[PDB]
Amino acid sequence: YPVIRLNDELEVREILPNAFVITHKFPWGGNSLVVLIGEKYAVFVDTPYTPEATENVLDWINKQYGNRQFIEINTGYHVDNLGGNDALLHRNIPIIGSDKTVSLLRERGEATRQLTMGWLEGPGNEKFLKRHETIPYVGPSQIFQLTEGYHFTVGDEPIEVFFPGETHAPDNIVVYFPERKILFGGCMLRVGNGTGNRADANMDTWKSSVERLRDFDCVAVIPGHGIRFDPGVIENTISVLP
C-alpha cells in the first residue's frame, strides 16, 4: 500500500476506500483503524500508543476529509489499544469499551505499564521509556457488558462489536463493518509465527475463540501488530495457536 508518513513514528495506509490503518511505532508497531462514514462521521478502532499521536491522526483526517464526529471503540485495555484515549476525551469523542476493559485497566493498568517500561530500559529506548511512564491511562466512557457485545449505527451504517471468548487478553473484542466486510481483529490476531506477550493470554480458549471469526464475511482483516490485512490473517492466527 502507499504509505503516508505523518511523522517518524506514524504511518497511515488507506487499505480500502476511506479505511485507514494507523501504525504507530512506539517503539513497536501497533495498529488502529479509522473508517470514514458519510461526510460527517468517522469510527476509530483502537488508538495509537499516545494522545499526541492520536491527535496527529485526528487532525490529519479532519484536514484531509472535513471535520468529523468521531467515535472510538477500544478493543482491549493495553496501551496499544487505548493509550490515546485522553486525546479523545478532551475532544468529547465517545469511547466505547467493555466493562471487562474498565476492570482490567483499573486492576492491571499500572502493573502492565511497569512491565512495558521494564522492556524499554535498554540503550536506545530512553525516549520511549520516558513517555510510557507518563501516558495517561483513561478508560472507555460508553461501556457495554463484555459478553453481550454491542451493535450500533453511525450515520445509517451498522457496526458490530463481538466478544469471541478470551484470547490475548480476557477483554479482547473484534469490530465488524458489515457494509464494508472489514474486521478489526486487534491483538487476538497474529502476523508471523509468534503469540506475542502472554501475560494476559488464555492459551486454553484463544484458538477456539479465533475460529469463531471464520463466520465473518471479510475482504480485509486488521491485526493488532504487523502490516498484513488479507483475511488469511485469521488462518495464520489459528495456525500458530495451540
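One rule holds for the numbers: they count along the sequence shown, beginning at 1.
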Mean C-alpha temperature factor, higher of 81-89 and 102-110: 102-110
Averaged over C-alpha atoms, is the B-factor higher for 19-27 or for 215-223 in this PDB entry? 215-223
In terms of recorded Cα temperature factor, pick the maximum from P158, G76, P136, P140. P158
Out of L189, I173, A199, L58, which shows the largest CA B-factor listed in the entry? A199
Ordered by C-alpha B-factor within the chain, which third holds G185? Give me lowest, middle or highest, please. middle
Test of reading the entry: by CA B factor among the chain's modelled residues, which third contains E166? middle
Lowest, middle or highest third: which one holds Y65 when the chain's residues are ordered by CA B-factor from the entry? middle
Please say which third, lowest, middle or highest, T205 falls into when its CA temperature factor is compared across its chain. highest
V154: C-alpha B-factor third of its chain, per the entry, is the highest
